[PDB]
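Remarks on the structure that follows.
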Amino acid sequence: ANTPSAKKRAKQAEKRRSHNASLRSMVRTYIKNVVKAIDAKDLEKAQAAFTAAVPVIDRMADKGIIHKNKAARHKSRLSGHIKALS
Amino acid sequence: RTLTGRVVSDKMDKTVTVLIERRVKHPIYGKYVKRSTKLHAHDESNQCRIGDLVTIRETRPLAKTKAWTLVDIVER
Amino acid sequence: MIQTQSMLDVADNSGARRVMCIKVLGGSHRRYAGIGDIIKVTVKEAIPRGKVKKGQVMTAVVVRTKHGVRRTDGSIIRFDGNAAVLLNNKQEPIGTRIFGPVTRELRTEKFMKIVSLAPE
Amino acid sequence: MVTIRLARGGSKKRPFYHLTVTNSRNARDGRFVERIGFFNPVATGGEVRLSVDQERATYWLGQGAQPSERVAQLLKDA
RNA sequence: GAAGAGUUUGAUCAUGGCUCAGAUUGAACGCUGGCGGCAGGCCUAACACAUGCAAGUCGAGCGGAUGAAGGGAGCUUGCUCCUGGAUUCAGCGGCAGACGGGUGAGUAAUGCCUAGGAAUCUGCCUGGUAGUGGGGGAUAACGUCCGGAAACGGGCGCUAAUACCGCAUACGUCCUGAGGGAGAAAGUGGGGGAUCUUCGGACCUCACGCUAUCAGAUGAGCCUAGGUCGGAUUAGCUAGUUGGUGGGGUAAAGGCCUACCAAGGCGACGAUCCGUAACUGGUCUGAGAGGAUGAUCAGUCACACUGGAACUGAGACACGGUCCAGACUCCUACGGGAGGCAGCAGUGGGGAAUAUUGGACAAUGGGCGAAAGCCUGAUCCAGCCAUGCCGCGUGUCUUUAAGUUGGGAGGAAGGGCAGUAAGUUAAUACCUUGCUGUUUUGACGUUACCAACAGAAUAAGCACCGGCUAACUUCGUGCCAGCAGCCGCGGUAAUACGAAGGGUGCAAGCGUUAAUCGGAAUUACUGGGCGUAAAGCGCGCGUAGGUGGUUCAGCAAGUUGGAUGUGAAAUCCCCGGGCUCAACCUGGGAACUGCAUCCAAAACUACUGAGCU
RNA sequence: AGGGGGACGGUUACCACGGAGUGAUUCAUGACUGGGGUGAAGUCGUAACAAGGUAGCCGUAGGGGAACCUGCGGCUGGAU
């Protein structure tokens with residue numbers, strides 16, 4: 001059978017998965033709204049929308065749910081097309 | 001850091017394939033045979049036609065089955 | 001299943017995929033068999049290696065009918081598909097697994113092995 | 001994880017060590033990073049005890065490897 | 001550093017196959033057995049698996065369970081109210097479980113091996129660079145209820161932190177790189193005299209922790225070139241295929257994912273399909289070339305009943321994890337549940353054939369820990385088996401082995417402790433730590449090994465004997481019965497077959513069944529053939545290709561020399577060191593004919609150019 | 001109040017296993033057959049080896065219980 005050393009981490013993994021599922025989805029809905037902002041072509045809300053997102057993309061990267069250079073790309077992808085709105 | 005082959009197909013943009021030929025020995029037969037090697041070379045500006053001779057450089061891969069770029073058209 | 005020539009799925013583990021009733025057992029001019037009744041089958045279709053082979057006169061308990069079985073309040077329980085469990089000459093099941101539901105008219109003194117394996 | 005460690009060669013009831021530099025990701029007797037000199041606690045006449053060369057032994061202490069427990073008090077035999 | 005015989009014929013010669021000497025193995029089988037040391041022991045069913053064990057660790061990370069003692073109050077030594085704190089350890093939390101271990105099923109190519117290449121992460125480790133402040137919401141244990149015989153589920157209600165979430169804060173670190181924006185942490189224990197007081201706290205101080213980065217070590221991931229199994233009685237395959245950009249995405253490049261644009265890509269140097277197989281260092285026979293080959297050993301790969309899938313984590317698509325599906329199996333009190341030995345034993349079952357439900361963490365590791373230590377079927381080491389490989393013994397009046405007794409090293413590095421000195425200290429006040437000398441203690445195998453004792457008491461077997469094997473009477477049997485590798489032998493004096501009677505091979509082993517290479521120039525690169533022995537298409541035109549008259553000059557691809565990194569360690573080859581000797585063990589080198597890079601060379605070849613007949 | 005943001009939802013692509021139809025390609029088996037090999041050889045026979053008692057042999061059509069005959073082009077591996 002299995003050991004209570006592993007039965008303890010049965011709870012310690014899936015409960016931790018549930019916290020890491022939400023915080024991960026709390027990232028990518030902020031990026032979707034600043035792609036909805038570019039797809040609406042309105043800079044006048046797009047500037048205010050991803051400056052709400054950048055404190056979330058790296059704050060999650062700082063605590064090891066995701067990696068810190070996944071943030072570094074998405075901070076450089078969204079800015080390289082908001083500049084294209086000109 | 002220098003590999004040389006003659007151009008055999010150029011009908012795609014930014015990409016060319018050459019025959020980097022060689023003549024090396026057969027191990028148990030002794031007769032030096034030719035062994036053709038058909039690399040893919042990436043062109044930045046697509047200036048190579050069929051029958052040209054080029055040299056290439058290795059870098060990070062530029063596509064699948066392509067990790068070599070164009071250095072210079074040596075001759076034609 | 002209910003009568004002869006009727007063709008019916010196989011609810012237990014090993015062997016057949018389709019059996020056909022060739023005789024309803026019980027009485028003399030007995031013409032129907034519902035859930036809990038004993039029929040005589042032949043194996044019309046089977047898996048490549050199992051405990052029964054194609055073309056084999058065997059005995060099976062009817063576990064799951066489309067005509068259904070009625071309860072004492074008047075309620076009926078009625079399935080989508082005909083199915084039997086093949087038996088040996090002990091009238092004990094051959095397979096070690098039962099697939100699909102069964103009814104509580106089958107948890108008698110002879111067929112509670114089928115009930116104890118079923119995912120009812 | 002990088003470690004300088006006694007590693008059993010030799011025969012049964014005939015110990016011989018290599019003082020391997022290992023990774024603690026492997027076994028005792030496989031995939032060492034470096035063998036610096038040996039050890040032999042059954043040393044009798046003509047057999048040198050330990051071939052510890054401090055030319056390389058400085059480097060893994062310099063690059064951050066550790067004695068295990070006994071490897072510290074073989075360097076204390078100097 | 002290389003040995004051939006026998007056999008086609010009345011005889012010969014030549015071509016050509018057979019059988020034979022040898023050495024070998026992971027060994028069987030038939031026989032008979034005294035011992036030591038190192039070894040090795042499912043080659044078949046990646047077949048199914050009862051049973052115990054193979055990774056639990058931590059209270060000095062946090063709440064909460066239980067009360068060693070001791071000093072006292074009553075009753076009067078029975079008892080508890082207390083006071084206290086010794087201790088444990090199921091529930092949270094950190095780390096590990098991604099290692100050690102096993103097996104070789106899948107894989108014909110990016111798996112392995114050799115060389116190189118850059119567009120990346122790495123917990124613990126090691127050097128610095130900057131930093132540990134202030135808060136907030138939950139949550140198990142616990143309380144009870146419900147369902148259940150139990151296993152377990154799932155309803156609310158409590159509480160914690162080295163568990164989590166904001167806020168503060170930014171030397172790097174990320175984005176824009178103009179300016180600017182962004183985002184971190186946790187505290188616990190051993191102490192401490194002055195001021196704040198409950199010198200519980202605060203502050204001071206080291207120790208383990210914690211964080212934000214850089215450089216490194218150590219792993220781990222991509223990418224290219226090379227080669228890597230049998231077939232054409234498999235010749236066409238290919239559409240996300242081959243490129244292009246926009247985006248999307250991976251820790252990281254990349255049709256990896258995507259939309260649309262174009263019609264490319266692969267392949268006769270063997271594509272695709274088909275059968276087969278982990279690969280390599282190496283191993284075995286060999287003069288070598290090679291050929292065969294991957295058991296112990298070590299590197300990489302791959303798998304975990306079968307298949308798909310992510311999750312958590314530094315690291316997995318995780319062997320004693322979860323999820324789903326399948327096959328199978330099991331407990332049921334019919335409510336509901338559980339299992340995966342290719343982990344060590346062991347069991348069936350298959351097979352010619354392969355071991356003990358062992359001892360201990362004392363050595364070496366690891367895994368947690370401030371440290372003590374705690375666990376480990378990895379390991380150290382033991383039974384079992386002539387299974388090799390060595391030695392050794394069975395007597396020529398010694399007593400070796402064996403057995404009795406008495407002795408007797410080496411495997412132990414250190415831990416406890418209580419001084420002693422040191423240097424971080426703001427205060428060598430004090431803790432904490434490294435040093436020193438003494439004391440205390442801990443060996444699974446418990447012995448090897450030395451020296452006494454009784455007495456040859458306890459030890460040999462096997463196969464052959466016609467030839468070319470220089471071991472070579474007869475008795476029984478009569479073309480019977482049989483033996484044998486090639487000839488053959490037996491049909492009535494049998495050196496060929498069955499005993500006895502002797503020898504001989506080499507010995508606790510001897511033989512024969514099987515497989516490998518060899519001799520085999522019998523697939524001939526080294527190193528063979530083709531008028532008649534086997535073998536010239538019936539001959540042409542000619543595609544790829546193989547090779548190419550002639551001269552100067554040039555190139556430096558092949559060729560040639562040196563340079564440097566390697567070609568892991570092991571194995572082997574010499575010199576040694578040791579076991580009392582040999583195996584075995586290692587130290588030193590030698591070896592590794594290889595690979596690319598680098599410069600030097602220009603007789604010849606290709607290529608380049610002008611020519612020459 | 002609520003908002004932001006999560007969670008269960010709803011359904012959309014992707015896919016393992018399963019299903020269905022129709023084919024390929026392999027392996028085992030199959031009544032019954034057809035040659036092949038080795039035997040032991042009973043048999044019609046004499047087919048080859050001599051100029052083998054009709055010279056053999058090869059291709060091919062053609063024909064016939066068989067070991068076998070003519071033709072057309074073919075060869076001496078054909079000798080007096």
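Chain labels follow the order of the structure tokens: the first chain is A, the next B, and so on; residue numbering restarts at 1 in every chain, and ligands are counted from 1 in their shown order.
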
Report as CSV: every residue of chain D with an atom at most 8 Å from chain E, its closest pair of atoms, and their distance in Å to one decimal, counting only C-alpha atoms (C1' of nucleotides), with rows sorted by chain and ascending residue number.
```
residue,atom,partner,partner_atom,distance
D:1,CA,E:125,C1',6.0
D:2,CA,E:218,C1',6.2
D:6,CA,E:364,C1',6.1
D:7,CA,E:364,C1',6.1
D:8,CA,E:364,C1',6.5
D:10,CA,E:585,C1',6.1
D:11,CA,E:38,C1',7.0
D:12,CA,E:38,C1',7.8
D:23,CA,E:218,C1',6.9
D:24,CA,E:366,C1',7.2
D:25,CA,E:99,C1',6.1
D:26,CA,E:99,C1',7.4
D:27,CA,E:100,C1',6.8
D:28,CA,E:365,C1',6.1
D:30,CA,E:298,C1',6.3
D:31,CA,E:299,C1',7.2
D:41,CA,E:411,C1',8.0
D:42,CA,E:410,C1',7.0
D:44,CA,E:578,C1',7.6
D:46,CA,E:577,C1',5.8
D:47,CA,E:577,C1',5.6
D:60,CA,E:217,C1',7.9
D:62,CA,E:126,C1',7.4
D:63,CA,E:217,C1',5.0
D:64,CA,E:126,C1',4.3
D:65,CA,E:125,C1',6.9
D:69,CA,E:413,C1',7.3
D:70,CA,E:413,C1',4.6
D:71,CA,E:413,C1',8.0
D:73,CA,E:413,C1',6.5
D:74,CA,E:413,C1',8.0
```

Would you output that residue set with N, CA and C atoms, as a short mmCIF file (atom, residue, chain, number, x, y, z; two decimals), in the first residue's frame?
```cif
data_model
loop_
_atom_site.label_atom_id
_atom_site.label_comp_id
_atom_site.auth_asym_id
_atom_site.auth_seq_id
_atom_site.Cartn_x
_atom_site.Cartn_y
_atom_site.Cartn_z
N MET D 1 25.58 19.48 -2.02
CA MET D 1 25.61 18.06 -2.31
C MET D 1 26.98 17.52 -2.69
N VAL D 2 27.87 18.38 -3.16
CA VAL D 2 29.19 17.98 -3.64
C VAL D 2 30.02 17.60 -2.42
N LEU D 6 34.74 8.67 1.49
CA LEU D 6 35.35 7.35 1.42
C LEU D 6 34.46 6.44 0.58
N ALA D 7 35.07 5.67 -0.32
CA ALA D 7 34.36 4.81 -1.25
C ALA D 7 35.02 3.44 -1.33
N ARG D 8 34.26 2.40 -1.00
CA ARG D 8 34.80 1.05 -0.86
C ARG D 8 35.17 0.45 -2.21
N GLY D 10 38.40 -2.61 -3.20
CA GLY D 10 38.98 -3.76 -2.52
C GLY D 10 38.16 -5.03 -2.56
N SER D 11 38.38 -5.91 -1.58
CA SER D 11 37.68 -7.18 -1.50
C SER D 11 36.93 -7.22 -0.17
N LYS D 12 36.11 -8.25 0.02
CA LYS D 12 35.39 -8.38 1.29
C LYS D 12 36.37 -8.81 2.37
N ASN D 23 28.91 13.57 -5.94
CA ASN D 23 27.83 14.54 -6.05
C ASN D 23 26.76 14.34 -4.99
N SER D 24 26.79 13.21 -4.26
CA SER D 24 25.69 12.69 -3.44
C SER D 24 24.38 12.57 -4.21
N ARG D 25 24.46 12.37 -5.52
CA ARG D 25 23.34 12.07 -6.39
C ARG D 25 23.49 10.66 -6.93
N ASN D 26 24.65 10.05 -6.70
CA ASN D 26 25.06 8.78 -7.26
C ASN D 26 25.31 7.78 -6.13
N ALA D 27 25.80 6.61 -6.51
CA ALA D 27 26.24 5.63 -5.53
C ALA D 27 27.63 6.00 -5.02
N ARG D 28 28.08 5.25 -4.02
CA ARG D 28 29.43 5.40 -3.49
C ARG D 28 30.50 5.03 -4.49
N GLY D 30 30.19 4.72 -8.01
CA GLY D 30 29.91 5.03 -9.40
C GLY D 30 29.67 6.51 -9.61
N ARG D 31 30.13 6.98 -10.77
CA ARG D 31 30.07 8.37 -11.22
C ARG D 31 30.64 9.33 -10.18
N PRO D 41 43.50 1.14 5.12
CA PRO D 41 43.70 0.88 6.55
C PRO D 41 44.20 -0.52 6.87
N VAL D 42 44.63 -1.29 5.87
CA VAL D 42 45.21 -2.62 6.08
C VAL D 42 46.66 -2.48 5.62
N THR D 44 50.44 -2.43 5.42
CA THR D 44 51.57 -3.11 6.03
C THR D 44 52.79 -2.65 5.22
N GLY D 46 55.68 -1.49 2.92
CA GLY D 46 55.81 -1.14 1.53
C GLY D 46 54.61 -0.42 0.95
N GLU D 47 53.45 -0.53 1.60
CA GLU D 47 52.24 0.11 1.11
C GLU D 47 52.07 1.47 1.76
N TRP D 60 38.22 21.64 -4.48
CA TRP D 60 36.83 21.32 -4.17
C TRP D 60 36.39 21.93 -2.85
N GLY D 62 37.67 24.81 -2.21
CA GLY D 62 37.52 26.16 -2.72
C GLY D 62 36.25 26.35 -3.51
N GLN D 63 35.86 25.35 -4.31
CA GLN D 63 34.60 25.43 -5.04
C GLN D 63 33.41 24.96 -4.22
N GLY D 64 33.61 24.60 -2.96
CA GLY D 64 32.49 24.29 -2.09
C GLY D 64 32.08 22.84 -2.03
N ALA D 65 33.02 21.95 -1.72
CA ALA D 65 32.72 20.58 -1.35
C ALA D 65 33.10 20.37 0.11
N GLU D 69 32.30 12.90 7.45
CA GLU D 69 32.69 13.05 8.85
C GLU D 69 34.12 12.59 9.07
N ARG D 70 34.49 11.47 8.44
CA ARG D 70 35.81 10.88 8.56
C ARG D 70 36.85 11.59 7.71
N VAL D 71 36.42 12.14 6.56
CA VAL D 71 37.31 12.81 5.62
C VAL D 71 37.94 14.05 6.25
N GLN D 73 38.91 14.13 9.48
CA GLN D 73 40.00 13.60 10.29
C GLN D 73 40.82 12.54 9.55
N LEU D 74 40.92 12.64 8.23
CA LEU D 74 42.07 12.18 7.48
C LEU D 74 42.99 13.33 7.11
#
```

Practice prompt. Could you list the residues in chain A lying within 7 Å of chain E, using only C-alpha atoms (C1' of nucleotides), and format the result as a VMD selection string?
Written response: chain A and resid 2 6 10 13 17 54 to 55 58 to 59 62 72 75 to 76

I need the chosen residues saved as a PDB file, in the first residue's frame, with N, CA, C and O atoms.
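File again06.pdb, as written:
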```pdb
ATOM      1  N   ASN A   2       0.296   2.373   0.414  1.00  0.00           N
ATOM      2  CA  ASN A   2       1.047   3.612   0.518  1.00  0.00           C
ATOM      3  C   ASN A   2       1.269   3.957   1.985  1.00  0.00           C
ATOM      4  O   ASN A   2       0.596   3.439   2.878  1.00  0.00           O
ATOM      5  N   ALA A   6       3.465   9.506   2.643  1.00  0.00           N
ATOM      6  CA  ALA A   6       2.914   9.931   1.362  1.00  0.00           C
ATOM      7  C   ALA A   6       1.434  10.268   1.460  1.00  0.00           C
ATOM      8  O   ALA A   6       0.933  11.059   0.653  1.00  0.00           O
ATOM      9  N   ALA A  10      -0.629  13.635   0.227  1.00  0.00           N
ATOM     10  CA  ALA A  10      -1.833  13.597  -0.592  1.00  0.00           C
ATOM     11  C   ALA A  10      -2.690  14.836  -0.370  1.00  0.00           C
ATOM     12  O   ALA A  10      -3.150  15.447  -1.338  1.00  0.00           O
ATOM     13  N   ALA A  13      -0.574  18.272  -1.342  1.00  0.00           N
ATOM     14  CA  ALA A  13      -0.411  18.597  -2.752  1.00  0.00           C
ATOM     15  C   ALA A  13      -1.676  19.142  -3.407  1.00  0.00           C
ATOM     16  O   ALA A  13      -1.603  20.175  -4.074  1.00  0.00           O
ATOM     17  N   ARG A  17      -2.455  22.712  -4.759  1.00  0.00           N
ATOM     18  CA  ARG A  17      -2.869  22.870  -6.149  1.00  0.00           C
ATOM     19  C   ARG A  17      -4.045  23.829  -6.279  1.00  0.00           C
ATOM     20  O   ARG A  17      -4.101  24.614  -7.233  1.00  0.00           O
ATOM     21  N   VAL A  54       0.763  44.635 -14.083  1.00  0.00           N
ATOM     22  CA  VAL A  54       2.191  44.446 -13.777  1.00  0.00           C
ATOM     23  C   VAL A  54       2.476  44.242 -12.276  1.00  0.00           C
ATOM     24  O   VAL A  54       3.299  43.374 -11.950  1.00  0.00           O
ATOM     25  N   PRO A  55       1.796  44.915 -11.331  1.00  0.00           N
ATOM     26  CA  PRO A  55       1.935  44.488  -9.919  1.00  0.00           C
ATOM     27  C   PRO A  55       1.388  43.104  -9.588  1.00  0.00           C
ATOM     28  O   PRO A  55       1.536  42.669  -8.442  1.00  0.00           O
ATOM     29  N   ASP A  58       4.310  39.938 -11.543  1.00  0.00           N
ATOM     30  CA  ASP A  58       5.596  39.652 -10.915  1.00  0.00           C
ATOM     31  C   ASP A  58       5.446  39.314  -9.437  1.00  0.00           C
ATOM     32  O   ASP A  58       6.301  38.621  -8.872  1.00  0.00           O
ATOM     33  N   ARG A  59       4.379  39.800  -8.793  1.00  0.00           N
ATOM     34  CA  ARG A  59       4.111  39.425  -7.409  1.00  0.00           C
ATOM     35  C   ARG A  59       3.831  37.937  -7.289  1.00  0.00           C
ATOM     36  O   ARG A  59       4.228  37.304  -6.304  1.00  0.00           O
ATOM     37  N   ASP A  62       7.254  36.401  -7.853  1.00  0.00           N
ATOM     38  CA  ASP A  62       8.146  36.544  -6.710  1.00  0.00           C
ATOM     39  C   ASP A  62       7.958  35.420  -5.696  1.00  0.00           C
ATOM     40  O   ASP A  62       8.887  35.108  -4.945  1.00  0.00           O
ATOM     41  N   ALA A  72       8.755  38.368 -17.359  1.00  0.00           N
ATOM     42  CA  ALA A  72       9.612  39.281 -18.109  1.00  0.00           C
ATOM     43  C   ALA A  72       9.269  39.297 -19.589  1.00  0.00           C
ATOM     44  O   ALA A  72       9.477  40.312 -20.264  1.00  0.00           O
ATOM     45  N   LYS A  75       5.650  41.145 -19.778  1.00  0.00           N
ATOM     46  CA  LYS A  75       5.794  42.585 -19.606  1.00  0.00           C
ATOM     47  C   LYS A  75       6.425  43.226 -20.834  1.00  0.00           C
ATOM     48  O   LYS A  75       6.340  44.445 -21.010  1.00  0.00           O
ATOM     49  N   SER A  76       7.057  42.426 -21.694  1.00  0.00           N
ATOM     50  CA  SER A  76       7.661  42.964 -22.904  1.00  0.00           C
ATOM     51  C   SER A  76       6.810  42.691 -24.137  1.00  0.00           C
ATOM     52  O   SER A  76       7.009  43.333 -25.177  1.00  0.00           O
TER      53      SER A  76
END
```

Discussion item. For a test of reading the model, state the distance in Å between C1' of residue 352 (chain E) and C1' of residue 45 (chain E), rounded to one decimal.
Written reply: 16.3 Å

Worksheet item: Neighbours of residue 42 (chain C) within 6 Å (only C-alpha atoms (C1' of nucleotides); same-chain residues fewer than 2 positions away dropped), as a PyMOL selection string?
Response: chain C and resi 19-20+55-58

Practice prompt. Take CA of residue 34 (chain D) and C1' of residue 367 (chain E) and report the distance between them in Å, one decimal.
Written response: 24.0 Å

Discussion item. Using only C-alpha atoms (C1' of nucleotides) and a cut-off of 12 Å, which residues of chain E sit close to chain C? Please list them as a list in words.
Written reply: residues 327, 328, 329, 330, 331, 332, 334, 335 and 336 of chain E

Take the residues from that selection and put them in a file with N, CA, C and O atoms (P, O5', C5', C4', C3', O3' and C1' of nucleotides), as a PDB file, in the first residue's frame.
```pdb
ATOM      1  P     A E 327     -12.249  -4.176 -18.520  1.00  0.00           P
ATOM      2  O5'   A E 327     -11.110  -5.252 -18.239  1.00  0.00           O
ATOM      3  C5'   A E 327     -10.477  -5.931 -19.312  1.00  0.00           C
ATOM      4  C4'   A E 327      -9.167  -6.542 -18.891  1.00  0.00           C
ATOM      5  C3'   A E 327      -9.196  -7.408 -17.649  1.00  0.00           C
ATOM      6  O3'   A E 327      -9.729  -8.700 -17.862  1.00  0.00           O
ATOM      7  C1'   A E 327      -7.364  -5.963 -17.518  1.00  0.00           C
ATOM      8  P     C E 328     -10.721  -9.331 -16.774  1.00  0.00           P
ATOM      9  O5'   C E 328      -9.789  -9.629 -15.517  1.00  0.00           O
ATOM     10  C5'   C E 328      -8.762 -10.604 -15.590  1.00  0.00           C
ATOM     11  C4'   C E 328      -7.720 -10.418 -14.516  1.00  0.00           C
ATOM     12  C3'   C E 328      -8.140 -10.767 -13.104  1.00  0.00           C
ATOM     13  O3'   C E 328      -8.174 -12.157 -12.850  1.00  0.00           O
ATOM     14  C1'   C E 328      -6.968  -8.722 -13.086  1.00  0.00           C
ATOM     15  P     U E 329      -9.288 -12.756 -11.864  1.00  0.00           P
ATOM     16  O5'   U E 329      -8.823 -12.263 -10.427  1.00  0.00           O
ATOM     17  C5'   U E 329      -7.631 -12.764  -9.848  1.00  0.00           C
ATOM     18  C4'   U E 329      -7.224 -11.971  -8.636  1.00  0.00           C
ATOM     19  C3'   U E 329      -8.213 -11.947  -7.489  1.00  0.00           C
ATOM     20  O3'   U E 329      -8.219 -13.133  -6.715  1.00  0.00           O
ATOM     21  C1'   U E 329      -7.381  -9.771  -7.857  1.00  0.00           C
ATOM     22  P     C E 330      -9.559 -13.588  -5.955  1.00  0.00           P
ATOM     23  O5'   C E 330      -9.606 -12.662  -4.663  1.00  0.00           O
ATOM     24  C5'   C E 330      -8.542 -12.675  -3.726  1.00  0.00           C
ATOM     25  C4'   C E 330      -8.603 -11.493  -2.795  1.00  0.00           C
ATOM     26  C3'   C E 330      -9.888 -11.319  -2.017  1.00  0.00           C
ATOM     27  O3'   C E 330     -10.008 -12.212  -0.927  1.00  0.00           O
ATOM     28  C1'   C E 330      -9.204  -9.230  -2.863  1.00  0.00           C
ATOM     29  P     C E 331     -11.463 -12.594  -0.367  1.00  0.00           P
ATOM     30  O5'   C E 331     -11.789 -11.415   0.648  1.00  0.00           O
ATOM     31  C5'   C E 331     -10.892 -11.093   1.698  1.00  0.00           C
ATOM     32  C4'   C E 331     -11.370  -9.891   2.466  1.00  0.00           C
ATOM     33  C3'   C E 331     -12.826  -9.926   2.881  1.00  0.00           C
ATOM     34  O3'   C E 331     -13.069 -10.734   4.015  1.00  0.00           O
ATOM     35  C1'   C E 331     -12.331  -7.815   1.951  1.00  0.00           C
ATOM     36  P     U E 332     -14.518 -11.396   4.206  1.00  0.00           P
ATOM     37  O5'   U E 332     -15.407 -10.200   4.756  1.00  0.00           O
ATOM     38  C5'   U E 332     -16.818 -10.258   4.668  1.00  0.00           C
ATOM     39  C4'   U E 332     -17.413  -8.894   4.440  1.00  0.00           C
ATOM     40  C3'   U E 332     -18.879  -8.881   4.055  1.00  0.00           C
ATOM     41  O3'   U E 332     -19.732  -9.032   5.172  1.00  0.00           O
ATOM     42  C1'   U E 332     -17.674  -7.429   2.628  1.00  0.00           C
ATOM     43  P     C E 334     -25.381  -6.104   5.290  1.00  0.00           P
ATOM     44  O5'   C E 334     -25.101  -5.054   4.137  1.00  0.00           O
ATOM     45  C5'   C E 334     -26.069  -4.874   3.117  1.00  0.00           C
ATOM     46  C4'   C E 334     -25.455  -4.489   1.798  1.00  0.00           C
ATOM     47  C3'   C E 334     -26.277  -4.895   0.578  1.00  0.00           C
ATOM     48  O3'   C E 334     -26.068  -3.945  -0.461  1.00  0.00           O
ATOM     49  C1'   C E 334     -24.163  -5.901   0.460  1.00  0.00           C
ATOM     50  P     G E 335     -27.060  -2.700  -0.644  1.00  0.00           P
ATOM     51  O5'   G E 335     -26.549  -1.652   0.440  1.00  0.00           O
ATOM     52  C5'   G E 335     -25.246  -1.097   0.360  1.00  0.00           C
ATOM     53  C4'   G E 335     -24.963  -0.200   1.536  1.00  0.00           C
ATOM     54  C3'   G E 335     -23.755   0.716   1.426  1.00  0.00           C
ATOM     55  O3'   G E 335     -24.069   1.915   0.734  1.00  0.00           O
ATOM     56  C1'   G E 335     -23.883  -0.283   3.599  1.00  0.00           C
ATOM     57  P     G E 336     -23.579   2.190  -0.773  1.00  0.00           P
ATOM     58  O5'   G E 336     -22.009   1.950  -0.735  1.00  0.00           O
ATOM     59  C5'   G E 336     -21.116   3.007  -0.415  1.00  0.00           C
ATOM     60  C4'   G E 336     -20.160   2.589   0.668  1.00  0.00           C
ATOM     61  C3'   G E 336     -18.683   2.687   0.334  1.00  0.00           C
ATOM     62  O3'   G E 336     -18.160   3.998   0.459  1.00  0.00           O
ATOM     63  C1'   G E 336     -19.122   0.582   1.286  1.00  0.00           C
TER      64        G E 336
END
```

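Atom pair CA of residue 81 (chain C) / CA of residue 103 (chain C): separated by 13.8 Å.
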
Practice prompt. Select from chain D everything DSSP, run on the backbone, classes as strand (DSSP E), then give the selection as a list in words.
Written response: residues 3, 4, 5, 20, 21, 22, 34, 35, 66 and 67 of chain D

Please produce a file of those selected residues containing N, CA, C and O atoms, as a short mmCIF file (atom, residue, chain, number, x, y, z; two decimals), in the first residue's frame.
```cif
data_model
loop_
_atom_site.label_atom_id
_atom_site.label_comp_id
_atom_site.auth_asym_id
_atom_site.auth_seq_id
_atom_site.Cartn_x
_atom_site.Cartn_y
_atom_site.Cartn_z
N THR D 3 30.68 16.45 -2.49
CA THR D 3 31.24 15.84 -1.29
C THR D 3 32.47 14.98 -1.58
O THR D 3 32.53 14.26 -2.58
N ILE D 4 33.45 15.09 -0.70
CA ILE D 4 34.62 14.24 -0.68
C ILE D 4 34.37 13.16 0.36
O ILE D 4 33.97 13.47 1.49
N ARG D 5 34.59 11.90 -0.01
CA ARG D 5 33.91 10.78 0.63
C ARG D 5 34.75 9.52 0.46
O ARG D 5 35.36 9.29 -0.58
N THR D 20 36.90 9.53 -3.32
CA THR D 20 36.27 10.15 -4.46
C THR D 20 35.66 11.49 -4.08
O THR D 20 35.24 11.72 -2.94
N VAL D 21 35.63 12.40 -5.05
CA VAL D 21 34.80 13.59 -5.00
C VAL D 21 33.53 13.23 -5.76
O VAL D 21 33.59 12.93 -6.96
N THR D 22 32.41 13.20 -5.06
CA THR D 22 31.15 12.75 -5.66
C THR D 22 30.14 13.88 -5.54
O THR D 22 30.43 15.00 -5.10
N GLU D 34 35.81 13.35 -9.34
CA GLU D 34 37.26 13.24 -9.38
C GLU D 34 37.71 12.24 -8.33
O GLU D 34 37.17 12.19 -7.22
N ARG D 35 38.71 11.43 -8.68
CA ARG D 35 39.50 10.70 -7.70
C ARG D 35 40.79 11.46 -7.45
O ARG D 35 41.67 11.52 -8.32
N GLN D 66 32.58 19.30 0.70
CA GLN D 66 32.72 19.11 2.13
C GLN D 66 33.28 17.73 2.43
O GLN D 66 33.02 16.79 1.67
N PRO D 67 34.03 17.56 3.51
CA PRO D 67 34.27 16.23 4.06
C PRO D 67 32.97 15.66 4.63
O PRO D 67 32.04 16.40 4.95
#
```
